[PDB]
A.B. asks: 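Next up is a structure, given as structure tokens.
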Amino acid sequence: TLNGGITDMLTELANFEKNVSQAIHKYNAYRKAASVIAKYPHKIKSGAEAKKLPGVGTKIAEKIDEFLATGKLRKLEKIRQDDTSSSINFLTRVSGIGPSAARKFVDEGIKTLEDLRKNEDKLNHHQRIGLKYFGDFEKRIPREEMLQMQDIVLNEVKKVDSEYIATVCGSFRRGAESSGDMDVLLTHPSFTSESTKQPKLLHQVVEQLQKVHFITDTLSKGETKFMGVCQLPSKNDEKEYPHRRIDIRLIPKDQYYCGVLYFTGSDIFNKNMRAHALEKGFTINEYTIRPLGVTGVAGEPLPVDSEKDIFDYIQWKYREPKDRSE
DNA sequence: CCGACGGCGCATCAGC
DNA sequence: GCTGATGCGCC
DNA sequence: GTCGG
Ligand SMILES: [Cl-]
Ligand SMILES: [Cl-]
Ligand SMILES: [Cl-]
Ligand SMILES: [Mn+2]
Ligand SMILES: [Mn+2]
Ligand SMILES: [Mn+2]
Ligand code: NA
Ligand code: NA
């Protein structure tokens, strides 16, 4: 981690702008620079050297020089010492509490974990569960556990209907040795871009995972996207495994490639890639890649039979999932 | 100097 | 009930 | 906050 000190600083600045400033573009700018710097293969000696990188500008170069000189940034030193900012940043670590709700809670005098615990009745469902598992959700998932979880989901899904295909994406598919959570893309030939011949396709699967006590809680759910909690089973006399986040996204089967591109990420890889498509006259979503017409509007879906096809359209050499960890 | 910055699912709420 | 705005979430 | 035009 050649420039861990700098990228940590930028990440902290990004979080501040998002959770406290509510300046979402500053948030995206900081994350973009942190990312471009993380992959830069030299130990950075000056801001001017970082500025040569796209995404790193004058302001970030200045902060980089301060950080290399002193080992800190005064701006962040002060943000840390600010009670309202610290509280707001903390509350936003609970799933379901964002910048708006965090500020509101701080206003009402709710600003710690203990305050939250005694004011459970002030939380919506999602927040209640986010709080319930606050500690567990901060732990990472070793790839070995991800492999155990994969086997359970794929095997249980098989038991509902052999025609389902479940694919674990997210950092797992990019080959990470540890994951923040588990993301599962689901397809079934009853659900395509042209028709929904079978209702309840996602629910059925959620039910089955709930039946075997894998899924333990639900944050939100609809016809195509489930967001909840899950837990691996423990052996006799062994400590319980931590509760984990799970996301399941049902995608039309004929649009699997755009879907697996989306759900593989990273999030920054996706932003970068979709921005580039626009520059080249295309717009990409989890469903389709389409042409931009002369006016502002998108054309019919272009044919796609591979992830690589999407890269071709926008004139990018193909990138393996393992190299999409931006 | 400026305008754009990726795209979209689910929960909640205000107005009708 | 509907619809659109907003929040929070996903990668 | 950074970028292209
Ligand atoms: Cl902003
Ligand atoms: Cl610092
Ligand atoms: Cl589409
Ligand atoms: Mn994930
Ligand atoms: Mn996830
Ligand atoms: Mn994520
Ligand atoms: Na630059
Ligand atoms: Na949160």
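Note: hydrogens, waters and symmetry copies are ignored here, and every other heavy atom, side chains too, is used. Below, read A as the first sequence line, B as the second, and so on, with proteins coming before strands; counting in each chain starts at 1.
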A.B. asks: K104(A) has an atom NZ; how far is it from atom P of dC13(B), in whole Å?
C.D. replies: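 Result: 10 Å.
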
A.B. asks: Salt bridge or not for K271(A) and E326(A), using N-O below 4.0 Å?
C.D. replies: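 Looking at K271(A) and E326(A), the cut-off is not met.
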
A.B. asks: North or south for the sugar of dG1(C)? Use the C1'-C2'-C3'-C4' sign convention, positive meaning north.
C.D. replies: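 Since its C1'-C2'-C3'-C4' torsion is positive, the sugar of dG1(C) is on the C3'-endo, or north, side.
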
A.B. asks: What about the rings of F105(A) and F90(A), do their centers lie closer together than 6.0 Å?
C.D. replies: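 No, the ring centres sit 6.0 Å or more apart.
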
A.B. asks: Between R80(A) and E77(A), is there a side-chain N and carboxylate O pair less than 4.0 Å apart?
C.D. replies: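 Result for this pair is no, no salt bridge flagged.
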
A.B. asks: May I ask you to say what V94(A) touches in the nucleic acid, namely base, sugar-phosphate or nothing, with a heavy-atom cut-off under 4.0 Å?
C.D. replies: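 Here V94(A) touches the backbone only, sparing every base.
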
A.B. asks: So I24(A), base contact, sugar-phosphate only, or nothing? Heavy-atom distance under 4.0 Å.
C.D. replies: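 No contact.
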
A.B. asks: In whole Å, I'd like the distance from the CD atom of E279(A) to the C1' atom of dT2(D).
C.D. replies: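 Answer to the nearest Å: 13 Å.
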
A.B. asks: Just checking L250(A): base, sugar-phosphate only, or nothing, at a heavy-atom cut-off of under 4.0 Å?
C.D. replies: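 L250(A): no heavy atom of the nucleic acid under 4.0 Å.
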
A.B. asks: Could you give the CG-to-P distance, from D183(A) to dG9(C), as a whole number of Å?
C.D. replies: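 Nearest whole value for this atom pair: 15 Å.
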
A.B. asks: When rounded to the nearest 0.5 angstrom, what distance separates CG in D181(A) from CD1 in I246(A)?
C.D. replies: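 Reported to 0.5 Å precision, the distance equals 8.5 Å.
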
A.B. asks: Have a look at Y256(A) and tell me which of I165(A), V304(A), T187(A), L261(A) forms a side-chain contact (heavy atoms from CB on, under 4.5 Å) with it.
C.D. replies: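 Filter result, single survivor: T187(A).
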
A.B. asks: To the nearest angstrom, how far is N19(A) atom CG from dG9(C) atom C1'?
C.D. replies: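 About 13 Å, once rounded to whole Å.
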
A.B. asks: In whole Å, what is the span from the NZ atom of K59(A) to the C1' atom of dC3(D)?
C.D. replies: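 After rounding, the reported distance stands at 15 Å.
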
A.B. asks: When rounded to the nearest Å, what value does the distance between P atoms of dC8(B) and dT2(D) take?
C.D. replies: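 Here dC8(B) and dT2(D) have their P atoms 28 Å from each other.
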
A.B. asks: If we call a positive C1'-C2'-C3'-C4' torsion north and a negative one south, what is the sugar of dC16(B)?
C.D. replies: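 South pucker for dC16(B).
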
A.B. asks: Select base, sugar-phosphate, or nothing to describe what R245(A) touches, counting heavy atoms under 4.0 Å on all strands.
C.D. replies: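 Here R245(A) touches the backbone only, sparing every base.
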
A.B. asks: From the options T58(A), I64(A), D65(A), select the one residue that forms a side-chain contact (heavy atoms from CB on, under 4.5 Å) with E62(A).
C.D. replies: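 Going through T58(A), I64(A), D65(A) one by one, the side-chain contact (heavy atoms from CB on, under 4.5 Å) with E62(A) is satisfied by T58(A) alone.
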
A.B. asks: Just by protein heavy atoms under 4.0 Å, how would nucleotides 5-12 of chain B read 5' to 3' in B, S and -?
C.D. replies: BBBSBSSS

A.B. asks: Looking at every strand, decide which applies to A23(A) at a 4.0 Å heavy-atom threshold: base, sugar-phosphate, or nothing.
C.D. replies: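 Contact class for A23(A): none.
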
A.B. asks: Mind checking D181(A) for me? I need base, sugar-phosphate or nothing, with any heavy atom below 4.0 Å counting as a touch.
C.D. replies: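 It contacts sugar-phosphate atoms only.
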
A.B. asks: In whole Å, what is the span from the CD atom of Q127(A) to the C1' atom of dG9(C)?
C.D. replies: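 Going from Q127(A) (CD) to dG9(C) (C1'), I get 12 Å.
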
A.B. asks: Does the pair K139(A)/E145(A) count as a salt bridge with the N-to-O cut at 4.0 Å?
C.D. replies: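 Between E145(A) and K139(A) there is no salt bridge, as every charged N stays at least 4.0 Å from the carboxylate O atoms.
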
A.B. asks: Between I129(A) (CD1) and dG9(C) (P), how many Å, whole number?
C.D. replies: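 Whole-Å distance recorded here is 14 Å.
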
A.B. asks: Between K63(A) and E12(A), does any side-chain N to carboxylate O distance fall below 4.0 Å?
C.D. replies: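 No.
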
A.B. asks: Quickly work out the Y27(A) OH to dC8(C) P distance and round it to whole Å.
C.D. replies: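 Taking atom P of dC8(C) as the reference, OH of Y27(A) is at 13 Å.
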
A.B. asks: At 4.0 Å (heavy atoms only), tell me whether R174(A) reaches a base, stays on the sugar-phosphate, or touches nothing.
C.D. replies: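 Counting heavy atoms under 4.0 Å across all strands, the contact made by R174(A) is with sugar-phosphate only.
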
